[PDB]
Structures are given as C-alpha cells and as structure tokens.
Amino acid sequence: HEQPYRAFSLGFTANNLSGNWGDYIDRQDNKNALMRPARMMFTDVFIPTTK
Amino acid sequence: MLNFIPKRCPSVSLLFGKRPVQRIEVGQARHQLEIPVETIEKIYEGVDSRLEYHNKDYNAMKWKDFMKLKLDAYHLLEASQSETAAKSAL
Amino acid sequence: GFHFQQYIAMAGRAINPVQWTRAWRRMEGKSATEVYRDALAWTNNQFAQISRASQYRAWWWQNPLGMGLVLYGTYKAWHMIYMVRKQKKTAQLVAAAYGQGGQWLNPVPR
Amino acid sequence: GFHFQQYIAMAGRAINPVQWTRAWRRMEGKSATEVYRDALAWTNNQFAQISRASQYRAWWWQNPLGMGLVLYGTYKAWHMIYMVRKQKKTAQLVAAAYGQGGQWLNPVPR
Amino acid sequence: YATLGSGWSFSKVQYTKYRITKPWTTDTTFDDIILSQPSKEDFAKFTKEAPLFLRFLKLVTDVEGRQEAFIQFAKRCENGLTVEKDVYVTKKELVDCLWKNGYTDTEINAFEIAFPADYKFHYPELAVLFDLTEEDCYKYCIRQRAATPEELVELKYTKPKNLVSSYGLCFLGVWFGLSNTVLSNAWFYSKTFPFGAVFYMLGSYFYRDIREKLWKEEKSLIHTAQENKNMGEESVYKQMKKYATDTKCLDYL
Ligand SMILES: CCCCCCCCCCCCCCCCCC(=O)OC[C@H](COP(=O)([O-])OCC(O)COP(=O)([O-])OC[C@@H](COC(=O)CCCCCCCCCCCCCCCCC)OC(=O)CCCCCCCCCCCCCCCCC)OC(=O)CCCCCCCCCCCCCCCCC
Ligand SMILES: CCCCCCCCCCCCCCCCCC(=O)OC[C@H](COP(=O)([O-])OCC(O)COP(=O)([O-])OC[C@@H](COC(=O)CCCCCCCCCCCCCCCCC)OC(=O)CCCCCCCCCCCCCCCCC)OC(=O)CCCCCCCCCCCCCCCCC
Ligand SMILES: CCCCCCCCCCCCCCCCCC(=O)OC[C@H](COP(=O)([O-])OCC(O)COP(=O)([O-])OC[C@@H](COC(=O)CCCCCCCCCCCCCCCCC)OC(=O)CCCCCCCCCCCCCCCCC)OC(=O)CCCCCCCCCCCCCCCCC
Ligand SMILES: CCCCCCCCCCCCCCCCCC(=O)OC[C@H](COP(=O)([O-])OCC(O)COP(=O)([O-])OC[C@@H](COC(=O)CCCCCCCCCCCCCCCCC)OC(=O)CCCCCCCCCCCCCCCCC)OC(=O)CCCCCCCCCCCCCCCCC
Ligand SMILES: CCCCCCCCCCCCO[C@@H]1O[C@H](CO)[C@@H](O[C@H]2O[C@H](CO)[C@@H](O)[C@H](O)[C@H]2O)[C@H](O)[C@H]1O
C-alpha cells in the first residue's frame, strides 16, 4: 500500500505491456531481439542518428 | 392520400386556373376524370400557408378538413366493398 | 464527398490576408447568429447535395465501397498531416526532456 | 493505359503452378514463331485499343495530362518496386563488404 | 435536396469505369445542376430559330385578342431568339400540363400537329404564349429540369481559381504527411492493407447481392403502396360513378 504503481495502457491500437522501458537509470530496450533490427517498422515517425 | 396540396402559383403549377376545368388519371387503367376548378379551389380555403413541404411547392391542409375528405373517401370505398350499400346517396 | 478542390481553394482564400480585409468590410452590420446560421446552412447544403446526387450520379472515384473510401481517405490524410506531425513534435520534446521512451519509464524503485 | 486489373490477374494466373501444367499441355504441337506472334499480336491489340478509344472515350483516371500521368505512375511503381529494392540489397552488400559508402572511396594515397 | 418527379419507378443505377463525354466546346462546360447551383448568368446562351414558333404564336394571339405581344416578341426575336440553352420544358411535359389543367382537345391537337416531338420550349416562349412572367416560367423550367437531373446542363466555362494557393497548401500537405513511416508500418501491413483489401474484394465480389438484399424491403414497400393507391382510387371512382345519377331527382320533381 506504499509501493507505487506502473502506468497502464491497453487498447486495440497500442499498449504498454508487451515491453519494459526500465527505470530512469537502468533502462532497457522495449522491443525484443527478433524485432530490434526492424524498429523503424513499429513507429509512426522515425528520426535517425547523425553519423 | 397525403396532405400535400400543390401551390397554384405559376412558378409551381403552371396554368392552374387558366381554364375552368381540371383533369386527372385514376387507377392502373388510368381512367380520365374531369373536375370543376371551383370544386378544387374549395380546398385552398382550408389550405394552411405556414406549412410548406417538398421544395416548398406543397402546402398542407388543416387536419379537420383533410380528415373529413379522407372519411368521405373511406366511406365510398367501404360502400363499394360491401353489398348491402345504399343504391343512392340521398 | 465532393468539391475537395473547392475546399482547398477556400482554405487558400482564407489564408490570403487581402481576404481578411474583405471579410472585415463584409462584417459591417452583421451578427454572430447570422454568421453561424450561414455556416450551418453551407454545411447542410453540402451534405444535402451528397444525399440527393448519390441516388443517380457517380463520381470519378466511385468504387465498390462508395463514399466510405473517400471518407476514410479524408480521415487518413487528416491523421498523417496533423496528428503524426504533433506526434513527431511530442517525440522530440520527450527525447529532450527525459530521453526516448521517458514517458513510459517505470516508477523509481523503493 | 487500361486493364491494369486484368494484367494483375494475368500475373497471378502465371505464377499459379496449375497454370504451368495447363500451359505445358497447351504447348503440344506449337512453335516458337507462333508463340512470339501471339504475344506480339496481344501487345498490338492493347496499344490499338488505346489509340482507337482515346479519340472518343475517357477513363475514370482522365486528367489534364491524360495518359501521361498513368504512364508516369506505371514507371514510378516499377521503380519503387524493383529498382529501389535492388538498391537496398546493393546497399547492404556494400556495407557488409566495404562499409557504408565503400564504393565511393578515394584511391589509396601514394 | 428534395427528390422531384411524378414517377413511381424505383430506379437504381450501376456505374461503369468510363466518364461522361460531351462534344468539344471552347466556351462551355457540362455539369450537374444540383451540384453546381448555377445562376442565369452562369447558364450558357444560344440562338434558336423562331418561325416554327412564331406561326403558332400568331395564331394563338389572333385567337386570344392580343397582337401587340406578338409584334413585340417578333421584333425582339428576329435574327433568332438568344436564350439560355438548358432552361426548357419538353413538349410532352407541356401537353401533360395543358391536359391536366383543362385545355381543350382542339388546342392540344394544334400543339401536337404544329410542333415536332423533340421540340423544346423555353421560358420566353412560354411567357409570351401563356401571358405569364418570364421569371415564373424560368423557375418552372428549372424545377422540371431538376426533376430529371441525370441530364447535365451547359454552363459558361471558367478557368480554375486559386491554383497558386492550392499548390502551396498541397505542398504543405505532402511535406507534413509523407515525412513519416506510416505507409511502411507493421500496423499498415498487418491491419490497414489486409482489412481494406478484404473489404474491397468482398465488395467487388458481392457488389450486387448486397444491394439486392438491402433493396428488397424498399421495393416491397413501394409495390404495396402503389397497389393500395390504385385499388382505393378505382373503388372511389366507381362508387362515385354509381352515385353520379342522384341529381336528376330534382329536375324530375
Ligand atoms: C489487475 C487486473 C487488471 C486487469 C485489466 C483491467 C482493465 C482495467 C479495468 C477495465 C474495466 C472495464 C472498463 C471497460 C473497458 C474500457 C475500454 C476503454 O475505456 O477504452 C480504452 C481504449 C483506449 O484507451 P487509450 O489509453 O486512449 O489507448 C490509446 C489510444 O486509444 C490510441 O489512440 P489512436 O492513436 O490509436 O487513435 C484512435 C483513433 C481511431 O479513430 C477511428 O477509428 C475513426 C476512423 C473513422 C474513419 C472513417 C470516418 C468517416 C467519417 C467522415 C465524417 C464526414 C467527413 C468529416 C471529415 C473529418 C472527419 C474524418 O481515435 C479514436 O479512437 C476516436 C474515438 C472517438 C470516436 C468514436 C466514434 C464512434 C462511432 C461509432 C459508430 C457506430 C456506427 C454503428 C453502425 C452499425 C452498422 C449499421 O479503447 C481503445 O481500444 C481505443 C480504440 C477504440 C476503438 C474505436 C473505433 C471506432 C471506429 C468507428 C468507425 C465507424 C465506421 C463504421 C463503418 C460501418 C458502416 C459503413
Ligand atoms: C502522392 C499521393 C500520396 C498522398 C499522401 C499519402 C496520403 C494517403 C491517404 C490518401 C487519401 C486521399 C484523399 C481522398 C479524399 C478524396 C480526394 C479526391 O478524390 O479529390 C482530390 C482532388 C480532386 O478534386 P475533385 O473534388 O474530385 O474535383 C476534380 C476536378 O474537377 C478535376 O476534374 P478532372 O476530371 O480534370 O480530374 C479529376 C482528378 C483525377 O484524379 C485521378 O483520377 C488520378 C489520375 C491518374 C490515375 C493514376 C493515379 C495515381 C498515379 C498518378 C498520380 C500520382 C499522384 C497520386 C495521386 C493520388 C490520387 C489518385 O483530378 C485529380 O485528382 C488530380 C490528381 C493528380 C494530380 C497530379 C499532381 C502531380 C504532382 C505530384 C508529382 C507526381 C506524383 C509523384 C509520385 C506520387 C506517388 C505517390 O485532387 C486534387 O488534388 C485537386 C488538385 C487541385 C490543384 C492543386 C494544385 C496542383 C497540385 C497537385 C497536387 C494536388 C494534391 C494531390 C497530391 C498527390 C500528388 C503529390
Ligand atoms: C497506397 C497507394 C500508394 C502506392 C505506392 C506508391 C506508388 C506511387 C506511384 C503511384 C503509381 C500509380 C499507378 C498508376 C498506373 C495506373 C493504375 C490504375 O489506374 O489502375 C489501378 C487499378 C485499376 O484497374 P483498372 O484497369 O483501371 O480497372 C478498374 C476496374 O474495372 C474497377 O473499376 P471500378 O469502377 O469499380 O473502380 C476503379 C478504380 C477506382 O480507383 C479510384 O478512383 C480510387 C477510389 C477512391 C478515391 C480516393 C483514392 C485515394 C484514397 C482512397 C484509396 C486509398 C488507396 C490509394 C489508391 C491509390 C490509387 C488511386 O478501382 C481501383 O483502382 C481501386 C483502388 C482502391 C483499392 C483500395 C484497396 C484498399 C487496400 C489498402 C488499404 C487502404 C489504403 C491505405 C492507405 C494508403 C494511403 C496511400 O486499381 C487496382 O489496384 C486494381 C485492384 C485489383 C484487385 C486487387 C486485390 C485487392 C488489393 C487492393 C489494392 C490494389 C492495389 C492498389 C494499391 C493501393 C492500396 C494500398
Ligand atoms: C508573431 C510572430 C510572427 C509574425 C510574423 C508573421 C509573418 C506573416 C508573413 C505574411 C504572409 C502571411 C501568409 C500569407 C502569404 C500569402 C499567400 C497568398 O496569398 O498567395 C496566394 C496568391 C493569390 O493567388 P491565387 O490564390 O492563386 O488566386 C487568387 C488571385 O491571385 C486573387 O488574389 P487577390 O485578389 O485576393 O489579391 C491579389 C494580391 C495577392 O498578393 C499576395 O500574395 C498577398 C500578399 C500580401 C502579404 C501581406 C502581409 C501582411 C503581414 C505582414 C506585414 C508587412 C507590412 C506590409 C503591410 C501591407 C501594406 C503594404 O496581389 C496580387 O496578386 C497582385 C496585385 C497587387 C494588388 C495589391 C496587393 C496589395 C494589397 C495592399 C496590402 C493589403 C494588406 C492587407 C492588410 C493585412 C493586415 C494583417 O498568389 C501567390 O501565391 C503570391 C505569391 C506568394 C507570395 C510569396 C512569393 C514568394 C516569396 C517567398 C518569400 C521568401 C521565402 C521566405 C524567406 C523569408 C526570409 C525573410
Ligand atoms: C490483460 C491481458 C489481456 C490483454 C493483452 C494485452 C496485450 C498483450 C501483450 C503482448 C503479449 C506478448 O508479449 C511479448 O512477450 C513478452 C511480453 O512481456 C515480451 O518479451 C520480453 O519480456 C519478457 C519478460 O517476461 C522476456 O522474457 C523476453 O525475453 C522479452 O523479449 C515481448 O517483447 C512481447 O512481444
């Protein structure tokens, strides 16, 4: 009753349960290994790196 | 029948009262019937001008008169359907 | 649906500043009720044109789904033009404030 | 241009294997000259239909640029479907063999 | 807009993949009257030949007793009558109006023998022939043309408008709408294209079955209404015919 809750998002279009973004310090990729090379395909907008 | 009386203005019903007679086709066989324009004009005394429908070309009668008309029609029809009907309307 | 080109032209005239002065002059001796009624009447005229002419006429875009496809296309255009643009801006904002994905971070552990 | 849907359907039938057996049976007692003449005649029939019917008839896609826009669209579709795909493959190949931009590197200095 | 017309025919249309084509004209353009909402100046004008109508007009005026109108109209109309092209009433419609409004069989037969079957009367002709106002005749012609709006009307050609601003706005639209990964999304390929393509294929394959299954009830209702109307009218007519001979009692008495 003193520990805090994680945000909840669920719908036919999007959710926040298929992944975990981590904490503010210890972050992690929300997408799993098989679809990380195709992250672009899971976005409405994508701004690439500068290299 | 509906309570839709055509406006007798020439922009709607061209040549309404230019002659003293009206004509209509009746039924599937389209029998001809002629009616005096005065008998017709008797309707536009009960017509109400506040109401206008169907592109503002048809007014509506007052319910009293319209239902009297419907009742006369219904009486004639049920007399036609019946066999003990009076041989005269006197 | 119909008159999309006319709608684009209306938007163009609206953004043109000279038309702002023209409208300022036209608004002399005019009421908000009159303006609202005129706009509502214009919209009703459009929808009534559709309802009447769909019974006998077919546009160049007619398809086995009818006006449903044109309406979906209008919606999708609105989406990609406005909502995805706002999403891009919000994404850059979140990435500058918290880092990418900062709005979905878990609460600080206790 | 015309009959794009029929062309898609022809491609589908061509890829269907059962049609391969059907064509194998149809090729009994047939010559390469006959096959070539039939294909050439089909293409000529398409282009002749266009030349004749453009004089009096207008398709749903008619526009102030006419069939030029449909032909440009065919070209652009071919480009994006085939050539850009080949470019993607070549890009990955070059990036695995030399690194990104490896085909534009300057010669080794002397 | 209201559905004008005196017809009980339940009519639906099927579309083709070809557009409507009209003869080339450098000054006119064909459009739908209800979608254009044209005005008298937007309508296109042309010259019509008088004599065939002026003869009948002279006859009618000599019968009615107004020759000043004929003289004025003829001096106005010489070298052809310049009038709006697609504002007219057909001979059949005019004959129906005359008959239902009580013009004699002699006059109707005169009309029939005088004018061809495909003749088209315009509002100035109607006004000068029936001693009415050209405004009212114009409105009547417009209503009768809207009753048959499948036929396109001929307007004056006008160049497009606001092309530069429209180009600017369309560039803005593409610049903001295609700078994204929407048309390459997993959502696109998994939901938008499959669902849309399946709907399109089902609609193309059952286009007519659906329409018929929907229109069955409306067709039945229209049939029922027409049958009821006919039977009631016939019954009332025959009963009034039966009772038509109840007035001679007085003149017998
Ligand atoms: C510990 C245990 C815990 C266990 C778990 C416990 C769980 C918690 C407790 C639960 C307790 C139970 C509570 C109940 C459950 C809660 C459910 C809930 O709250 O929802 C949350 C959840 C959302 O919450 P969320 O956190 O916000 O999620 C992220 C967002 O949703 C993300 O948004 P987005 O980015 O994905 O965008 C979505 C977009 C989606 O927008 C659209 O989909 C619209 C697309 C329209 C395209 C065509 C439009 C054409 C119209 C043209 C108009 C004229 C031209 C005008 C031009 C401008 C307009 C285009 O926007 C909208 O959603 C708009 C919605 C508002 C409008 C609704 C319209 C309803 C109309 C209905 C029509 C009915 C017709 C009946 C006819 C029958 C047939 C005869 O619900 C959802 O799943 C969202 C999607 C809902 C689906 C709506 C789809 C409507 C589509 C209507 C189409 C009509 C067309 C008909 C055609 C057929 C006839 C031809
Ligand atoms: C790029 C596409 C992707 C867009 C972003 C992704 C969005 C996805 C969602 C899609 C949602 C669609 C919205 C559906 C709602 C309904 C829209 C509708 O039906 O009315 C539209 C509207 C038609 O208005 P309307 O109310 O039906 O009245 C028709 C008039 O009476 C005139 O009567 P008419 O008989 O003379 O002609 C009727 C109609 C005829 O429309 C047709 O039937 C199409 C004719 C060709 C058949 C093949 C079409 C596809 C391939 C060729 C066209 C490529 C462009 C893609 C066009 C997509 C629409 C089909 O006219 C047109 O619509 C002309 C459209 C073609 C304009 C070509 C401009 C070329 C500049 C761009 C460079 C070339 C393309 C680059 C590659 C793009 C590849 C994606 O079309 C307009 O855009 C009006 C333009 C006004 C002048 C603006 C100044 C010039 C700027 C030119 C661009 C105009 C914006 C178009 C952007 C696309 C080109 C970048
Ligand atoms: C995604 C677009 C971007 C593409 C990639 C970028 C490429 C850029 C370069 C563009 C180059 C264009 C090529 C020009 C060459 C000429 C092509 C041509 O004129 O003939 C095309 C051809 C018409 O053949 P036709 O020889 O003229 O004979 C017509 C028939 O007699 C039938 O006669 P009818 O009177 O019944 O109908 C005539 C015509 C009527 O066409 C129209 O007038 C259009 C009607 C609506 C007006 C507004 C159009 C734009 C907004 C709504 C449509 C969104 C899709 C974009 C369509 C672009 C083309 C206008 O029919 C159609 O063409 C149907 C096209 C609409 C199919 C909708 C399928 C929905 C699935 C996708 C999900 C929804 C869209 C997602 C968002 C996409 C946003 C970009 O159209 C076809 O695709 C045939 C489909 C055959 C069935 C295939 C199985 C179903 C699969 C559905 C997809 C079919 C492929 C379309 C891909 C686009 C949707 C993903
Ligand atoms: C808070 C921080 C932010 C604050 C800053 C805000 C910044 C705002 C900037 C101002 C612009 C606002 C957005 C609207 C833009 C105009 C769009 C437009 O109307 O175009 C459609 C316009 C109309 O053509 P259409 O739509 O196809 O058909 C309609 C007919 O044309 C028929 O059209 P019409 O009859 O309706 O009018 C015709 C008019 C069309 O000419 C125009 O394009 C109108 C441009 C007027 C701009 C005025 C800006 C006012 C705000 C800034 C204040 C500056 C002080 C000057 C004050 C004005 C007194 C001189 O003129 C002509 O076509 C030639 C005849 C000349 C007759 C006299 C015209 C002047 C009238 C007297 C001034 C009226 C002032 C009204 C009071 C405003 C009170 C708010 O055609 C054009 O596209 C013209 C060319 C587009 C203009 C740009 C040319 C390329 C140069 C690009 C700039 C360089 C790139 C940027 C880099 C800059 C680095 C520094
Ligand atoms: C209320 C329940 C009903 C509504 C269901 C709502 C949507 C369900 C979410 C998608 C289910 C599949 O989700 C899929 O499996 C798990 C989800 O944690 C994720 O998998 C990831 O997290 C799990 C942790 O358990 C790891 O073991 C795994 O190595 C990692 O890849 C995937 O990234 C996701 O793609």
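Residues numbered from 1 in each chain as written, not as in the entry; some residues may be left out. Chains lettered and ligands numbered in written order. Part of a larger assembly, values for the part shown. Heavy atoms only, no water.

cryo-EM is the method the PDB entry lists for this structure, together with a resolution of 2.8 Å.

Examining the interface of chain E and chain B
Put simply, the rule is: Note on definitions: a residue-residue contact is assigned when non-hydrogen atoms from the two residues lie within 4.5 Å. When two parts are brought into contact, each loses some accessible area as probed by a 1.4 Å sphere; the total of that loss over both is the buried area. Just to be clear on terms, a salt bridge is a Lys or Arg side-chain nitrogen sitting within 4 Å of an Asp or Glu carboxyl oxygen. By the criterion applied in these results, polar contacts are pairs of N or O atoms within 3.5 Å in which, for protein atoms, one can donate a hydrogen and the other can accept it, and in which residues neighboring in sequence qualify only through two side-chain atoms. Counting from the N terminus, the helices are DSSP H or I runs at least four residues long and the strands are E runs at least two residues long. Here the nonpolar group is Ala, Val, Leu, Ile, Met, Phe, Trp, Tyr, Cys and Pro; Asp, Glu, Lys and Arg are the charged ones; every other residue, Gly included, is treated as polar.
Each partner contributes to the interface: chain E provides 32 residues, whereas chain B provides 33 residues. Interface area, chain E with chain B, both sides summed: about 3,200 Å², of which 60% is carbon and sulfur. Here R19 of chain B makes a salt bridge to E107 of chain E, at a shortest N to O gap of 2.9 Å. At the junction of chain E and chain B, the tally comes to 15 residue pairs in polar contact. At the level of secondary structure, the elements contributing two or more residues to the side of chain E that touches chain B comprise α4 (91-101), α5 (105-114), α7 (134-146) and α10 (207-242) of chain E. With 10 residues, α10 of chain E is the single largest residue contributor to the side of chain E that touches chain B. Residue classes in the side of chain E that touches chain B are distributed as 13 nonpolar, eight polar and 11 charged.

A few points about the site of ligand 3
This is how it is decided: Proximity criterion: a residue is near a molecule or strand once any of its heavy atoms comes within 4 Å of it. With residues, only the protein chains shown are counted as cover, and all accessible areas are computed by Shrake-Rupley using a 1.4 Å probe.
Close to ligand 3 lie 24 residues; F4, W60 and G73 of chain D together with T192 and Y200 of chain E are nearest. At ligand 3, the nearby residues belong to more than one chain, namely chains C, D and E. In this structure, an oxygen atom belonging to ligand 3 sits 3.4 Å away from a side-chain N or O atom of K17 of chain E. Computed on the free molecule, ligand 3 has an accessible area of 1,600 Å², of which 65% lies beneath the protein chains in the complex. Contributing elements (two or more residues each) for the shell around ligand 3: α4 (67-97) of chain C, α1 (4-15) and α4 (67-97) of chain D together with α9 (186-205) of chain E. When residues of the shell around ligand 3 are assigned to their parent elements, the largest contribution, six residues, is made by α9 of chain E. Class assignment of the residues belonging to the shell around ligand 3 gives a composition of 15 nonpolar, seven polar and two charged.

Some remarks on unusual backbone geometry
Our working definition: We call a residue buried when its accessible area falls under 20% of the maximum for its residue type, exposed when it is over 50%, and partly exposed in between, using a 1.4 Å probe and counting protein chains only.
The phi torsion at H54 of chain B lies on the positive side, around 55°, for a residue other than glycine. Considering the arrangement of structural elements, one finds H54 of chain B in the loop between β4 (47-53) and β5 (58-61). You can call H54 of chain B partly exposed: its relative accessible area is 33%. Phi is positive for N162 of chain E, close to 70°, though the residue is something other than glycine. The topology assignment puts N162 of chain E in the loop between β6 (153-156) and α8 (163-177). Of the residues examined, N162 of chain E reaches a relative accessible area of 24% and is grouped as partly exposed.

Side note on helix α3 (residues 32-53) of chain D
Residue and element names in this part refer to chain D. Where we set the bar: To estimate the expected span of a helix, subtract one from its residue number and multiply by 1.5 Å. Directions from the helix axis toward the C-beta atoms define the arc.
Taking 1.5 Å as the rise per residue, α3 with 22 residues should run 32 Å; its terminal C-alpha atoms sit 32 Å apart, in good agreement. Inspection of α3 places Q46, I50 and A53 among the buried residues, and these make up the whole buried set. Seen from one end, α3 has its buried residues packed into an arc of 115°, which puts them on one side. Every exposed residue of α3 that faces more than 90 degrees away from the buried side is listed here: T33, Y36, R37, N44, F47 and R52.

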